[PDB]
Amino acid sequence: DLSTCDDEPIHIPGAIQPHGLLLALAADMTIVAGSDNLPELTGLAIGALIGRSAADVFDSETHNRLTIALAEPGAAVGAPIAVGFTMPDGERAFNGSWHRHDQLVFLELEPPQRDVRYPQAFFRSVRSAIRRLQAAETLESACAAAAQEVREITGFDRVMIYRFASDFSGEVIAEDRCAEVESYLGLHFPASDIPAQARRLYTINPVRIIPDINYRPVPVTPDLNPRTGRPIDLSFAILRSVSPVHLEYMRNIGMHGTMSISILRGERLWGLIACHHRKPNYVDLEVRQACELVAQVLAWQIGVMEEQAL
């Protein structure tokens, strides 16, 4: 008390965070469910899109891009996709990401933030970040370089490299932060801070962001997968509404924006790049992707160093 930790079904909250929209599609692209904010940011209104083809809802270019993406052999758990609608109004572009799960195709839409951000310049800077990281030659220094790069690209107040021990307790082994915030370097945390069902989720889905912990959830309606007759599994949805217990925990330490990226050493959860901001901090899909690439390169380095000996 609390020892009910592992029991919360965090993957089926029936709701998302309000900063994007979510549509759930059948394989033939009929809309089966949608976030209740679909009228505002866009159409009008769920009961109105339900049963319509997503293809009569978005762009001709978007439908083509999605058909290409979904035909691409080798699963992948989805990817970015540029999305546009034209409506009675009414022409909007979104940063989309799709994914397949639970026998549905999900489309999440985020309005493009930060306001350019020339992508060619951003790719070049990502390459340079990767170069600095790959030049580190010890575990702490690779971890510190990783935290510095992520901090640089995301502007987060405090970026921490959290390493799991064999019992899933953990320690902050590297950190880059603004001098105004507290250091967590060297601090140890028990396993129950990230309970077993979260660790499972974070092994299969390596990126999460909660830009404002004080958000009001938006329901997904109907919250019923027609393929299962049960609530829709939002495990792979970037917009998934998270456990209220975690949000209380964040409020408790005074950080209203958070993101973390799993560091996967093979198929195993080695640690996290954990990021805290004092106020809300929205991070574009492109920047989240750069942070994922950083964790991927860092994981590879960690493995090479682990194979050293002997």
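Residue numbers run from 1 along the displayed sequence.
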(message) Highest mean C-alpha temperature factor of the two stretches 111-119 and 96-104, which is it?
(response) 111-119
(request) Could you check the entry and say whether 47-55 or 271-279 has the higher mean CA B-factor? (result) 47-55
(request) Just grab whichever of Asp223, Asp167, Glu180, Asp233 has the top CA B-factor as deposited. (result) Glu180
(message) By the CA temperature factor listed in this entry, which of these ranks top: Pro206, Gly186, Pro211, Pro219?
(response) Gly186
(message) Taking only the Cα B-factors deposited for this chain, tell me whether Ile263 sits in the lowest, middle or highest third.
(response) lowest
(request) Sort the modelled residues of this chain by their C-alpha B factor and say whether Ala136 lands in the lowest, middle or highest third. (result) highest
(request) Report the third (lowest, middle or highest) to which the CA temperature factor of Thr154 belongs, ranking only the modelled residues of the same chain. (result) middle
(message) Please place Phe85 in the lowest, middle or highest third of its chain according to the CA B-factor in the PDB entry.
(response) highest
(request) Grab the CA temperature factor for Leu70 from the record and place it in the lowest, middle or highest third of its chain. (result) middle
